[PDB]
>>> print(open('run-v1.pdb').read())   # PDB, C-alpha atoms (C1' of nucleotides)
ATOM      1  CA  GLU A 381     127.991 100.203  57.692  1.00  0.00           C
ATOM      2  CA  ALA A 382     126.876 103.119  55.514  1.00  0.00           C
ATOM      3  CA  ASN A 383     123.963 103.890  57.862  1.00  0.00           C
ATOM      4  CA  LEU A 384     125.907 103.953  61.148  1.00  0.00           C
ATOM      5  CA  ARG A 385     125.950 107.759  61.036  1.00  0.00           C
ATOM      6  CA  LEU A 386     122.162 107.880  61.372  1.00  0.00           C
ATOM      7  CA  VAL A 387     122.392 105.675  64.464  1.00  0.00           C
ATOM      8  CA  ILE A 388     125.102 107.862  65.997  1.00  0.00           C
ATOM      9  CA  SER A 389     123.190 111.082  65.314  1.00  0.00           C
ATOM     10  CA  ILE A 390     119.935 109.689  66.713  1.00  0.00           C
ATOM     11  CA  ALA A 391     121.583 108.270  69.836  1.00  0.00           C
ATOM     12  CA  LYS A 392     123.515 111.437  70.692  1.00  0.00           C
ATOM     13  CA  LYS A 393     120.148 113.122  71.256  1.00  0.00           C
ATOM     14  CA  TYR A 394     119.344 110.510  73.920  1.00  0.00           C
ATOM     15  CA  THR A 395     122.782 110.667  75.581  1.00  0.00           C
ATOM     16  CA  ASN A 396     122.027 113.876  77.503  1.00  0.00           C
ATOM     17  CA  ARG A 397     119.171 111.960  79.178  1.00  0.00           C
ATOM     18  CA  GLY A 398     121.390 109.395  80.904  1.00  0.00           C
ATOM     19  CA  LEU A 399     122.729 105.977  79.874  1.00  0.00           C
ATOM     20  CA  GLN A 400     125.974 105.288  78.006  1.00  0.00           C
ATOM     21  CA  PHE A 401     126.081 106.566  74.436  1.00  0.00           C
ATOM     22  CA  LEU A 402     127.980 103.488  73.266  1.00  0.00           C
ATOM     23  CA  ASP A 403     125.237 101.126  74.449  1.00  0.00           C
ATOM     24  CA  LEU A 404     122.683 103.343  72.715  1.00  0.00           C
ATOM     25  CA  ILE A 405     124.490 103.212  69.371  1.00  0.00           C
ATOM     26  CA  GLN A 406     125.013  99.462  69.684  1.00  0.00           C
ATOM     27  CA  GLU A 407     121.287  98.926  70.254  1.00  0.00           C
ATOM     28  CA  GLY A 408     120.560 101.309  67.393  1.00  0.00           C
ATOM     29  CA  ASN A 409     122.841  99.257  65.157  1.00  0.00           C
ATOM     30  CA  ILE A 410     120.879  96.159  66.148  1.00  0.00           C
ATOM     31  CA  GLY A 411     117.660  97.941  65.200  1.00  0.00           C
ATOM     32  CA  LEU A 412     119.287  99.127  61.977  1.00  0.00           C
ATOM     33  CA  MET A 413     120.147  95.554  61.008  1.00  0.00           C
ATOM     34  CA  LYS A 414     116.580  94.547  61.852  1.00  0.00           C
ATOM     35  CA  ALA A 415     115.264  97.304  59.574  1.00  0.00           C
ATOM     36  CA  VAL A 416     117.678  96.288  56.804  1.00  0.00           C
ATOM     37  CA  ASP A 417     116.387  92.719  56.991  1.00  0.00           C
ATOM     38  CA  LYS A 418     112.842  94.112  56.710  1.00  0.00           C
ATOM     39  CA  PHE A 419     113.509  96.953  54.256  1.00  0.00           C
ATOM     40  CA  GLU A 420     111.907  97.070  50.811  1.00  0.00           C
ATOM     41  CA  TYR A 421     111.715  99.713  48.094  1.00  0.00           C
ATOM     42  CA  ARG A 422     108.480  98.354  46.611  1.00  0.00           C
ATOM     43  CA  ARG A 423     106.847 100.439  49.344  1.00  0.00           C
ATOM     44  CA  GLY A 424     108.381 103.563  47.798  1.00  0.00           C
ATOM     45  CA  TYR A 425     109.458 105.182  51.084  1.00  0.00           C
ATOM     46  CA  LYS A 426     112.970 106.286  51.988  1.00  0.00           C
ATOM     47  CA  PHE A 427     115.084 103.795  53.913  1.00  0.00           C
ATOM     48  CA  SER A 428     116.066 106.439  56.472  1.00  0.00           C
ATOM     49  CA  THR A 429     112.438 107.044  57.451  1.00  0.00           C
ATOM     50  CA  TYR A 430     111.819 103.329  57.995  1.00  0.00           C
ATOM     51  CA  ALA A 431     115.057 102.849  59.931  1.00  0.00           C
ATOM     52  CA  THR A 432     114.349 105.864  62.153  1.00  0.00           C
ATOM     53  CA  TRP A 433     111.397 104.228  63.914  1.00  0.00           C
ATOM     54  CA  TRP A 434     113.318 100.963  64.313  1.00  0.00           C
ATOM     55  CA  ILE A 435     116.276 102.799  65.856  1.00  0.00           C
ATOM     56  CA  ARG A 436     113.973 104.766  68.158  1.00  0.00           C
ATOM     57  CA  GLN A 437     112.313 101.534  69.291  1.00  0.00           C
ATOM     58  CA  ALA A 438     115.693  99.925  69.967  1.00  0.00           C
TER      59      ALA A 438
ATOM     60  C1'  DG B   1     179.091 105.182  70.938  1.00  0.00           C
ATOM     61  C1'  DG B   2     176.780 107.627  74.741  1.00  0.00           C
ATOM     62  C1'  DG B   3     175.071 110.399  77.967  1.00  0.00           C
ATOM     63  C1'  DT B   4     171.771 113.304  79.354  1.00  0.00           C
ATOM     64  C1'  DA B   5     167.019 115.381  77.768  1.00  0.00           C
ATOM     65  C1'  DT B   6     163.239 115.761  77.618  1.00  0.00           C
ATOM     66  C1'  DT B   7     158.197 113.754  78.088  1.00  0.00           C
ATOM     67  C1'  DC B   8     154.936 109.825  80.030  1.00  0.00           C
ATOM     68  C1'  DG B   9     152.446 107.567  83.346  1.00  0.00           C
ATOM     69  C1'  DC B  10     151.940 105.530  88.836  1.00  0.00           C
ATOM     70  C1'  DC B  11     151.976 106.271  93.860  1.00  0.00           C
ATOM     71  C1'  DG B  12     151.813 107.967  98.823  1.00  0.00           C
ATOM     72  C1'  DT B  13     148.455 111.635 101.441  1.00  0.00           C
ATOM     73  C1'  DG B  14     147.201 111.224 110.369  1.00  0.00           C
ATOM     74  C1'  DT B  15     143.870 109.651 113.764  1.00  0.00           C
ATOM     75  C1'  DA B  16     138.997 109.734 115.953  1.00  0.00           C
ATOM     76  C1'  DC B  17     134.522 111.654 116.880  1.00  0.00           C
ATOM     77  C1'  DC B  18     129.918 114.756 116.212  1.00  0.00           C
ATOM     78  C1'  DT B  19     125.794 117.649 113.767  1.00  0.00           C
ATOM     79  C1'  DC B  20     123.426 117.620 108.734  1.00  0.00           C
ATOM     80  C1'  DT B  21     119.939 114.135 105.422  1.00  0.00           C
ATOM     81  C1'  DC B  22     121.197 117.211 101.353  1.00  0.00           C
ATOM     82  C1'  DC B  23     121.613 112.508  98.105  1.00  0.00           C
ATOM     83  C1'  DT B  24     116.511 112.590  92.818  1.00  0.00           C
ATOM     84  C1'  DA B  25     116.822 113.705  85.979  1.00  0.00           C
ATOM     85  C1'  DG B  26     114.405 114.167  80.332  1.00  0.00           C
ATOM     86  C1'  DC B  27     110.323 113.769  79.183  1.00  0.00           C
ATOM     87  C1'  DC B  28     112.390 115.006  72.107  1.00  0.00           C
ATOM     88  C1'  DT B  29     109.367 109.063  72.335  1.00  0.00           C
ATOM     89  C1'  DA B  30     104.593 104.795  67.077  1.00  0.00           C
ATOM     90  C1'  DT B  31     100.700 100.885  67.133  1.00  0.00           C
ATOM     91  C1'  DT B  32      99.159  95.736  68.579  1.00  0.00           C
ATOM     92  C1'  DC B  33      98.108  91.127  68.256  1.00  0.00           C
ATOM     93  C1'  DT B  34      98.806  86.284  70.504  1.00  0.00           C
ATOM     94  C1'  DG B  35     100.152  83.499  74.131  1.00  0.00           C
ATOM     95  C1'  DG B  36     101.826  82.429  78.454  1.00  0.00           C
ATOM     96  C1'  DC B  37     102.818  83.474  83.448  1.00  0.00           C
ATOM     97  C1'  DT B  38     101.379  84.425  87.955  1.00  0.00           C
ATOM     98  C1'  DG B  39      98.141  85.853  91.972  1.00  0.00           C
ATOM     99  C1'  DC B  40      93.566  84.735  92.958  1.00  0.00           C
ATOM    100  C1'  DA B  41      88.772  82.317  92.903  1.00  0.00           C
ATOM    101  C1'  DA B  42      86.690  77.395  93.198  1.00  0.00           C
ATOM    102  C1'  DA B  43      86.487  72.189  94.070  1.00  0.00           C
ATOM    103  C1'  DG B  44      87.961  67.138  95.523  1.00  0.00           C
ATOM    104  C1'  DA B  45      90.897  64.902  99.293  1.00  0.00           C
ATOM    105  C1'  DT B  46      92.697  64.578 103.612  1.00  0.00           C
ATOM    106  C1'  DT B  47      94.742  65.257 108.189  1.00  0.00           C
ATOM    107  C1'  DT B  48      94.798  67.531 112.364  1.00  0.00           C
ATOM    108  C1'  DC B  49      92.569  70.015 116.559  1.00  0.00           C
ATOM    109  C1'  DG B  50      88.698  69.817 121.213  1.00  0.00           C
ATOM    110  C1'  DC B  51      85.216  69.062 123.381  1.00  0.00           C
ATOM    111  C1'  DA B  52      82.290  64.874 124.959  1.00  0.00           C
ATOM    112  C1'  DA B  53      82.080  61.542 128.311  1.00  0.00           C
ATOM    113  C1'  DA B  54      82.225  57.768 130.721  1.00  0.00           C
ATOM    114  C1'  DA B  55      85.335  54.666 132.694  1.00  0.00           C
ATOM    115  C1'  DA B  56      89.628  53.775 134.981  1.00  0.00           C
ATOM    116  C1'  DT B  57      92.992  55.813 138.079  1.00  0.00           C
ATOM    117  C1'  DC B  58      95.362  58.516 141.747  1.00  0.00           C
ATOM    118  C1'  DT B  59      95.574  60.382 146.345  1.00  0.00           C
ATOM    119  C1'  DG B  60      93.912  62.277 151.591  1.00  0.00           C
ATOM    120  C1'  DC B  61      92.418  61.005 155.932  1.00  0.00           C
ATOM    121  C1'  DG B  62      89.558  59.301 160.120  1.00  0.00           C
ATOM    122  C1'  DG B  63      87.030  55.921 162.207  1.00  0.00           C
TER     123       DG B  63
END
>>> encode(input="run-v1.pdb", output="structure tokens")
Amino acid sequence: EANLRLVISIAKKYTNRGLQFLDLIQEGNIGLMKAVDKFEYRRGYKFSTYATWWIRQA
DNA sequence: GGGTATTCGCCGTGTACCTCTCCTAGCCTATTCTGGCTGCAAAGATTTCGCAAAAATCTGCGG
């Protein structure tokens, strides 16, 4: 819930290139949950960086 | 009470041709390993097609 803004901001870049924005943010939320399930801080990286690639893939 | 007094949606809109093809956009965008699926190549198994060919069969006519 706290990271939905990242999904919205990322998806609005892809909205100008066709496809509904709402579907994009829903898929990005799916990818965000996938990243959350796989996130760790033992790596030392920022969560936003890790979630960015997941959201882009979704 | 009470009677308008606004605003808030919903709906209706002639017929019938013809020519046109015009319909179509960003590009900002990561790597890959394992396993199956499907079209194709190859092999066993099998039926279906034609000539072969001789033997039986069908048909025309004059002595």
>>> interface_residues(input="run-v1.pdb", of="chain A", to="chain B", cutoff="10 Å", atoms="all atoms listed in the file", output="MDAnalysis selection string")
chainID A and resid 393:394 396:398 433:434 436:437
>>> residues_around(input="run-v1.pdb", residues="residue 406 of chain A", least_positions_apart="3", cutoff="12 Å", atoms="all atoms listed in the file", output="PyMOL selection string")
chain A and resi 384+387-388+390-391+400-403+409-413+435+438
>>> axis_aligned_box(input="run-v1.pdb", around="segment 23-38 of chain B", padding_each_side="5 Å", output="lines of an AutoDock Vina configuration file")
center_x = 109.9
center_y = 98.7
center_z = 82.6
size_x = 33.5
size_y = 42.6
size_z = 41.0
>>> atom_distance(input="run-v1.pdb", atom1="atom CA of residue 415 of chain A", atom2="atom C1' of residue 34 of chain B")
22.6 Å
